[PDB]
Structures are given as C-alpha cells and as structure tokens.
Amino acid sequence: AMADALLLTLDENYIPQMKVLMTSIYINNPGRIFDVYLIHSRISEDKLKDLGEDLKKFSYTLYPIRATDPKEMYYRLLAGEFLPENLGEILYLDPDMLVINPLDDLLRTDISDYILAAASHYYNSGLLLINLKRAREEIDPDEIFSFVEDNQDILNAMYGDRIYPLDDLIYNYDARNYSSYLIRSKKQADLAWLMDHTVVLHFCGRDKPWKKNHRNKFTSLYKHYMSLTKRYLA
C-alpha cells in the first residue's frame, strides 16, 4: 500500500463535483497518491476514460466498478462486496464536499477494532473510513435488505455500536451551519480556526455552492476551487 484508497458512489451528474473534490484533495495533500474506486450504475465508458485521464494528472488512478441491476445508499454499505478482497481500508466521500486540510490524521486513525469511523451531526454517512476486513465479515447483504424492506438510518440502527466516532466540526462540517458550530464551540470555531483545523466541508441539502444563488461564508472558497479545477484539469 503506497496509495490510500478513496471510494465514491455516484453517477455522471455528480462528476463535476467529484473533480472539484479531487482537486481540493490534491492541493491540500501535496505528494500523496490516491487510488479512487468509483461504484456507478450507468456512467459511459467514454466519460470514465475522460475522468481517468483527468485524475492521472494528479497521479491518482481511477478504478471504476459498474454495479448491476436509493441506488447509491446500497453501494456504500455493501462496499466490501464490490471492492477487491485484498484491500483493507477505504475512505468513502460524498461528492458535494471540499477537503481543505491534510487527510493524514484521519487516514492514521486506528479503526482496527471497528467496522468504520463516521462523524456524528446519530452518525452522518457522507464520510466513512471503512475497515473492509471487518465490513466483509460483519455486514451481510440480505441482512441489510431485510432491514430496508421493513423500515443513514441503516448505519445507525444496525451498526451504531461498531462505529468509531469522528468530530463533525473537523470531518463533516455542515457548511450551512456556521453559527451553530460557532455558538456550540463557545466562539472558538470562527473562520480562522476552521481554516486551520477543519478537514472536510460538506455542502449538505438543496443549497449547493455550484449554483447561482449560494451565499454564505464559504461560497468564495468553493467557487475558487471550481476555477482551480477547470485550470488544473484543463
């Protein structure tokens, strides 16, 4: 293992956002190499070729895996069934995120005794550091389908006692909620502190920063990474 592994589960409408995410990872983790596994259902071979050629500019390697026949929900949870059997660990990321600090601390988290690590907002499923050795033995597919057929809620309800808790302020910061975090941190978590400590910004909900009317403290930053992405992956 000379490359850390990343997992994304999306289809082609989120590719633009995935490229911004990749660019933010590259700028904030200089010299690190990633293998990027992409579970998808319908992305064309030409688009995957394009995306692969782009990632290679950062010395990242794309490993597309086509699922067959809430689609994306399942891919994440059943990652251990799609990924190679000799991979021990992988970092799942939602595409509507921006990495703004090095991932080294996260990637060195000792999760040897857990299924995964996730941030609590219950756990959010937008970032998951997955121990695949344990997911393959503990997470059984039909078990998951039984649960969904009767009813992430799956993640919390079935595997809540097997999760290593991460701080959302650092690893899954809900970019809508600057004030709540500021108040809850006793005013410690202002922009200066966030830019030094927060690793992952998550643009949750309908108000996405690639759209025309986005307006908060983080909009300029996200639009700047959008420009960086167009220039770096030209």
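Quick note: we count residues from 1 along the sequence shown, nothing fancier.
Coordinates are lacking for 4 to 9 deposited residues between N151 and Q152.
Of the two stretches examined, 109 to 117 and 136 to 144, the record assigns the greater average C-alpha temperature factor to 136 to 144. When the mean C-alpha temperature factors of 193 to 201 and 173 to 181 are read from the deposited coordinates, 173 to 181 comes out higher.
Residue set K187, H40, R32, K57: peak C-alpha B-factor at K187 (per PDB entry).
Residues shown: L93, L87, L98, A157. Highest C-alpha temperature factor in the entry: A157. Residue-level temperature factors show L166 in the lowest third of its chain, judged at the C-alpha atom. Looking at the C-alpha B-factors along this chain, the one for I27 belongs to the lowest third.
Remark: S220 belongs to the lowest third of its chain, ranked by C-alpha B-factor as recorded. Ranked within its chain, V36 lands in the lowest third, by CA B factor from the PDB record.
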